[PDB]
file start_10.cif (mmCIF, N, CA, C and O atoms)
data_upload
loop_
_atom_site.label_atom_id
_atom_site.label_comp_id
_atom_site.auth_asym_id
_atom_site.auth_seq_id
_atom_site.Cartn_x
_atom_site.Cartn_y
_atom_site.Cartn_z
N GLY Y 1 22.07 48.51 29.46
CA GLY Y 1 21.83 49.00 28.12
C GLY Y 1 21.58 50.49 28.07
O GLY Y 1 21.72 51.18 29.08
N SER Y 2 21.22 51.00 26.90
CA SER Y 2 20.95 52.42 26.72
C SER Y 2 19.64 52.81 27.39
O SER Y 2 18.57 52.36 27.00
N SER Y 3 19.74 53.67 28.41
CA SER Y 3 18.56 54.12 29.14
C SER Y 3 18.52 55.64 29.22
O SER Y 3 19.56 56.29 29.36
N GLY Y 4 17.32 56.21 29.14
CA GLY Y 4 17.18 57.65 29.20
C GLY Y 4 16.90 58.27 27.85
O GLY Y 4 16.92 57.58 26.83
N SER Y 5 16.63 59.57 27.84
CA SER Y 5 16.34 60.28 26.59
C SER Y 5 17.21 61.53 26.47
O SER Y 5 17.19 62.41 27.34
N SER Y 6 17.97 61.61 25.38
CA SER Y 6 18.85 62.75 25.15
C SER Y 6 18.21 64.04 25.64
O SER Y 6 17.25 64.53 25.04
N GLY Y 7 18.74 64.59 26.72
CA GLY Y 7 18.21 65.82 27.28
C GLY Y 7 19.27 66.88 27.46
O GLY Y 7 19.44 67.75 26.61
N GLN Y 8 19.99 66.81 28.58
CA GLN Y 8 21.04 67.78 28.87
C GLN Y 8 22.34 67.07 29.24
O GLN Y 8 22.35 65.92 29.69
N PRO Y 9 23.47 67.77 29.06
CA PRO Y 9 24.80 67.23 29.37
C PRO Y 9 25.02 67.08 30.87
O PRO Y 9 24.24 67.55 31.69
N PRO Y 10 26.12 66.39 31.23
CA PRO Y 10 26.47 66.16 32.64
C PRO Y 10 26.92 67.44 33.34
O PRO Y 10 26.99 68.50 32.73
N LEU Y 11 27.21 67.33 34.63
CA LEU Y 11 27.65 68.47 35.42
C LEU Y 11 29.13 68.74 35.21
O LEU Y 11 29.96 67.83 35.31
N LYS Y 12 29.47 70.00 34.94
CA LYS Y 12 30.86 70.39 34.72
C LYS Y 12 31.79 69.60 35.64
O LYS Y 12 32.90 69.25 35.25
N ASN Y 13 31.33 69.34 36.86
CA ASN Y 13 32.13 68.60 37.83
C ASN Y 13 32.72 67.34 37.20
O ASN Y 13 33.92 67.07 37.33
N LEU Y 14 31.88 66.57 36.51
CA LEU Y 14 32.32 65.35 35.86
C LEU Y 14 33.66 65.55 35.16
O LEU Y 14 34.65 64.90 35.48
N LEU Y 15 33.68 66.47 34.19
CA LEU Y 15 34.90 66.76 33.44
C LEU Y 15 36.12 66.69 34.35
O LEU Y 15 37.13 66.08 33.99
N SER Y 16 36.03 67.31 35.52
CA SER Y 16 37.13 67.32 36.47
C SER Y 16 37.76 65.94 36.58
O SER Y 16 38.99 65.79 36.53
N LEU Y 17 36.93 64.92 36.73
CA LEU Y 17 37.40 63.54 36.84
C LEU Y 17 38.41 63.22 35.74
O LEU Y 17 39.44 62.59 35.98
N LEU Y 18 38.10 63.66 34.52
CA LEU Y 18 38.97 63.42 33.38
C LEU Y 18 40.25 64.25 33.48
O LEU Y 18 41.36 63.72 33.43
N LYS Y 19 40.08 65.56 33.64
CA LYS Y 19 41.22 66.46 33.76
C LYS Y 19 42.36 65.81 34.54
O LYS Y 19 43.53 66.03 34.25
N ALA Y 20 42.00 65.00 35.53
CA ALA Y 20 42.99 64.31 36.35
C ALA Y 20 44.02 63.60 35.48
O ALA Y 20 45.22 63.88 35.56
N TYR Y 21 43.55 62.68 34.65
CA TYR Y 21 44.43 61.93 33.76
C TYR Y 21 45.14 62.85 32.78
O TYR Y 21 46.37 62.97 32.79
N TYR Y 22 44.36 63.51 31.93
CA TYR Y 22 44.91 64.42 30.94
C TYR Y 22 46.06 65.24 31.53
O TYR Y 22 46.97 65.66 30.81
N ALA Y 23 46.02 65.45 32.84
CA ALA Y 23 47.05 66.21 33.53
C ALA Y 23 48.44 65.70 33.16
O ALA Y 23 49.34 66.48 32.84
N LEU Y 24 48.61 64.38 33.20
CA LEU Y 24 49.90 63.77 32.88
C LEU Y 24 49.89 63.23 31.45
O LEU Y 24 50.89 63.33 30.73
N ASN Y 25 48.77 62.66 31.04
CA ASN Y 25 48.63 62.10 29.70
C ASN Y 25 47.99 63.12 28.76
O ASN Y 25 46.76 63.16 28.62
N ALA Y 26 48.82 63.92 28.10
CA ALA Y 26 48.33 64.93 27.17
C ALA Y 26 47.48 64.30 26.08
O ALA Y 26 46.36 64.74 25.81
N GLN Y 27 48.01 63.26 25.44
CA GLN Y 27 47.30 62.57 24.37
C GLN Y 27 47.33 61.06 24.58
O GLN Y 27 48.13 60.34 23.99
N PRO Y 28 46.43 60.57 25.46
CA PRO Y 28 46.34 59.14 25.77
C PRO Y 28 45.79 58.33 24.60
O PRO Y 28 44.84 58.74 23.93
N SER Y 29 46.39 57.17 24.36
CA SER Y 29 45.97 56.30 23.27
C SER Y 29 44.64 55.62 23.60
O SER Y 29 44.06 55.86 24.66
N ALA Y 30 44.17 54.78 22.68
CA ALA Y 30 42.92 54.07 22.88
C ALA Y 30 42.96 53.20 24.12
O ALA Y 30 42.16 53.36 25.04
N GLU Y 31 43.91 52.27 24.15
CA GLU Y 31 44.07 51.37 25.29
C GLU Y 31 43.87 52.12 26.61
O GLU Y 31 43.25 51.60 27.54
N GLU Y 32 44.41 53.33 26.68
CA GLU Y 32 44.30 54.15 27.88
C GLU Y 32 42.92 54.79 27.97
O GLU Y 32 42.30 54.80 29.04
N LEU Y 33 42.44 55.32 26.85
CA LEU Y 33 41.14 55.97 26.81
C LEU Y 33 40.05 55.04 27.34
O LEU Y 33 39.38 55.35 28.32
N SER Y 34 39.89 53.89 26.69
CA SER Y 34 38.88 52.92 27.09
C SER Y 34 38.92 52.70 28.60
O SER Y 34 37.88 52.59 29.25
N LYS Y 35 40.13 52.63 29.15
CA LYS Y 35 40.30 52.42 30.59
C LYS Y 35 39.81 53.62 31.38
O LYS Y 35 38.89 53.51 32.19
N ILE Y 36 40.42 54.78 31.13
CA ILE Y 36 40.04 56.01 31.82
C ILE Y 36 38.52 56.17 31.85
O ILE Y 36 37.96 56.73 32.79
N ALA Y 37 37.86 55.68 30.80
CA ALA Y 37 36.41 55.77 30.71
C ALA Y 37 35.73 54.97 31.81
O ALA Y 37 34.95 55.50 32.59
N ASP Y 38 36.04 53.67 31.87
CA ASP Y 38 35.47 52.79 32.88
C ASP Y 38 35.56 53.42 34.26
O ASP Y 38 34.82 53.05 35.17
N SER Y 39 36.48 54.37 34.42
CA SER Y 39 36.67 55.05 35.69
C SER Y 39 35.64 56.15 35.89
O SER Y 39 35.03 56.27 36.95
N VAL Y 40 35.45 56.96 34.85
CA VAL Y 40 34.49 58.06 34.90
C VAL Y 40 33.09 57.58 34.51
O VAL Y 40 32.21 58.39 34.22
N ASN Y 41 32.90 56.27 34.49
CA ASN Y 41 31.61 55.69 34.13
C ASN Y 41 31.14 56.21 32.78
O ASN Y 41 29.94 56.36 32.55
N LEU Y 42 32.09 56.49 31.90
CA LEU Y 42 31.76 57.00 30.57
C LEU Y 42 32.34 56.09 29.48
O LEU Y 42 33.30 55.36 29.70
N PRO Y 43 31.74 56.15 28.29
CA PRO Y 43 32.17 55.34 27.14
C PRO Y 43 33.52 55.80 26.60
O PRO Y 43 34.14 56.72 27.13
N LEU Y 44 33.97 55.14 25.53
CA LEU Y 44 35.25 55.48 24.91
C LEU Y 44 35.09 56.62 23.91
O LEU Y 44 36.05 57.31 23.58
N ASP Y 45 33.86 56.81 23.44
CA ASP Y 45 33.57 57.87 22.48
C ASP Y 45 33.46 59.22 23.18
O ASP Y 45 34.06 60.21 22.76
N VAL Y 46 32.68 59.26 24.26
CA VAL Y 46 32.48 60.49 25.02
C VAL Y 46 33.80 61.03 25.54
O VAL Y 46 34.01 62.24 25.61
N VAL Y 47 34.70 60.12 25.91
CA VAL Y 47 36.01 60.50 26.43
C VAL Y 47 36.92 60.99 25.31
O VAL Y 47 37.68 61.95 25.48
N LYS Y 48 36.85 60.32 24.16
CA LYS Y 48 37.67 60.68 23.01
C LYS Y 48 37.43 62.13 22.61
O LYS Y 48 38.37 62.89 22.39
N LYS Y 49 36.16 62.51 22.51
CA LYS Y 49 35.80 63.87 22.13
C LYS Y 49 36.46 64.89 23.05
O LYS Y 49 37.26 65.71 22.61
N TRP Y 50 36.13 64.82 24.34
CA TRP Y 50 36.70 65.74 25.32
C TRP Y 50 38.19 65.97 25.05
O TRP Y 50 38.64 67.11 24.96
N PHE Y 51 38.94 64.88 24.93
CA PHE Y 51 40.37 64.96 24.67
C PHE Y 51 40.65 65.76 23.40
O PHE Y 51 41.41 66.73 23.42
N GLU Y 52 40.03 65.35 22.30
CA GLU Y 52 40.21 66.02 21.02
C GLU Y 52 39.87 67.50 21.13
O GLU Y 52 40.45 68.34 20.45
N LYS Y 53 38.92 67.82 22.00
CA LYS Y 53 38.49 69.20 22.21
C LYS Y 53 39.52 69.97 23.03
O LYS Y 53 39.86 71.11 22.71
N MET Y 54 40.02 69.33 24.09
CA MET Y 54 41.01 69.96 24.95
C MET Y 54 42.33 70.17 24.21
O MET Y 54 42.85 71.28 24.15
N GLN Y 55 42.86 69.09 23.64
CA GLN Y 55 44.12 69.16 22.91
C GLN Y 55 44.08 70.27 21.87
O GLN Y 55 45.10 70.88 21.56
N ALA Y 56 42.89 70.53 21.33
CA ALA Y 56 42.72 71.57 20.32
C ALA Y 56 42.62 72.95 20.97
O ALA Y 56 42.99 73.96 20.37
N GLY Y 57 42.12 72.98 22.20
CA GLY Y 57 41.99 74.24 22.91
C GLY Y 57 40.55 74.74 22.94
O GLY Y 57 40.30 75.94 22.83
N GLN Y 58 39.61 73.81 23.10
CA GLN Y 58 38.20 74.16 23.14
C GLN Y 58 37.67 74.10 24.57
O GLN Y 58 36.99 75.02 25.04
N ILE Y 59 37.97 73.01 25.26
CA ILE Y 59 37.52 72.82 26.64
C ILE Y 59 37.92 74.01 27.51
O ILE Y 59 37.15 74.47 28.35
N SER Y 60 39.14 74.51 27.30
CA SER Y 60 39.64 75.65 28.07
C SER Y 60 40.74 76.37 27.30
O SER Y 60 41.81 75.81 27.04
N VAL Y 61 40.48 77.62 26.94
CA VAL Y 61 41.46 78.43 26.21
C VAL Y 61 42.82 78.40 26.90
O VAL Y 61 43.85 78.55 26.25
N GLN Y 62 42.81 78.21 28.22
CA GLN Y 62 44.04 78.17 28.99
C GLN Y 62 44.45 76.73 29.29
O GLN Y 62 44.08 76.17 30.32
N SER Y 63 45.21 76.13 28.38
CA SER Y 63 45.66 74.75 28.54
C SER Y 63 47.15 74.71 28.84
O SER Y 63 47.90 75.61 28.47
N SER Y 64 47.58 73.65 29.52
CA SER Y 64 48.98 73.48 29.88
C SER Y 64 49.44 72.04 29.65
O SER Y 64 48.77 71.10 30.07
#

call {"tool": "encode", "arguments": {"input": "start_10.cif", "output": "structure tokens"}}
result
Amino acid sequence: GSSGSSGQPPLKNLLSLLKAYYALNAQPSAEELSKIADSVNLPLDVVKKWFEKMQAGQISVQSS
């Protein structure tokens, strides 16, 4: 269940785990998102944001 108290975000390193997928899947659908999450031990919402942020050009001004 939900444990802990909203404090600080994860280590930049984590993101790296995601970048892996996004590398080939520019805009992964839900079915894929939910999955990729179970891999990074993250929910489907936390993963959705990152993507929406990257695709927009927030995570890194230099996107490919």

call {"tool": "residues_around", "arguments": {"input": "start_10.cif", "residues": "residue 40 (chain Y)", "least_positions_apart": "2", "cutoff": "7 Å", "atoms": "only N, CA, C and O atoms", "output": "PyMOL selection string"}}
result
chain Y and resi 14+17-18+35-38+42-43

call {"tool": "residues_around", "arguments": {"input": "start_10.cif", "residues": "region 24-30 of chain Y", "least_positions_apart": "4", "cutoff": "12 Å", "atoms": "only C-alpha atoms", "output": "JSON, numbers by chain"}}
result
{"Y": [18, 19, 20, 34, 35, 36, 37, 43, 44, 45, 47, 48, 49, 50, 51, 52, 53, 54, 55, 56, 63, 64]}

call {"tool": "select_by_dssp", "arguments": {"input": "start_10.cif", "residues": "chain Y", "states": "alpha helix (DSSP H)", "output": "JSON, numbers by chain"}}
result
{"Y": [12, 13, 14, 15, 16, 17, 18, 19, 20, 21, 22, 30, 31, 32, 33, 34, 35, 36, 37, 38, 39, 40, 44, 45, 46, 47, 48, 49, 50, 51, 52, 53, 54, 55, 56]}

call {"tool": "atom_distance", "arguments": {"input": "start_10.cif", "atom1": "atom N of residue 61 (chain Y)", "atom2": "atom N of residue 6 (chain Y)"}}
result
27.7 Å

call {"tool": "closest_residue", "arguments": {"input": "start_10.cif", "among": "Y:41, Y:15, Y:23, Y:46", "to": "residue 59 (chain Y)", "atoms": "only C-alpha atoms"}}
result
Y:15

call {"tool": "atom_distance", "arguments": {"input": "start_10.cif", "atom1": "atom N of residue 60 (chain Y)", "atom2": "atom C of residue 5 (chain Y)"}}
result
25.5 Å

call {"tool": "atom_distance", "arguments": {"input": "start_10.cif", "atom1": "atom C of residue 33 (chain Y)", "atom2": "atom N of residue 21 (chain Y)"}}
result
11.1 Å

call {"tool": "axis_aligned_box", "arguments": {"input": "start_10.cif", "around": "region 42-51 of chain Y", "padding_each_side": "4 Å", "output": "JSON"}}
result
{"center_x": 36.6, "center_y": 61.1, "center_z": 27.0, "size_x": 17.7, "size_y": 20.0, "size_z": 17.8}
